[PDB]
Amino acid sequence: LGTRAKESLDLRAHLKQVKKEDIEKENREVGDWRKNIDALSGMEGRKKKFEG
Amino acid sequence: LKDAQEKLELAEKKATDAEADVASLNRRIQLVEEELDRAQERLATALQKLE
């Protein structure tokens, strides 16, 4: 009984390792970028050129 | 000239009316600047609550 139980335990151990430890390879992607504001400072242009 | 006199008077009156609208547009500019600042602040707090 112990042998059969430990067989399944060891079999699932490696699967759990691969599933979980490999998550630590990267988890910062949740972090978003700046997305800064202007605060009425980027108003320094007239209606001179618009195509470029 | 008399008609040129009336025209210049009317044009200067039009200038003054444009200046009254200049005042009203100044008021719009100021209040909308308050709105801009308030929106910056409220957006900051909303994003923080999101975090």
# chains A, B, ... in the order shown; residues from 1 in each chain; ligands from 1
$ interface_residues --of "chain A" --to "chain B" --cutoff "10 Å" --atoms "only C-alpha atoms" --output "number ranges by chain"
A: 37-40
$ select_by_dssp --residues "segment 9-46 of chain A" --states "alpha helix (DSSP H)" --output "ChimeraX atom specification"
/A:9-21
$ closest_residue --among "B:51, B:19, B:34, B:3" --to "residue 31 of chain A" --atoms "only C-alpha atoms"
B:51
$ atom_distance --atom1 "atom CA of residue 45 of chain B" --atom2 "atom CA of residue 27 of chain A"
25.3 Å
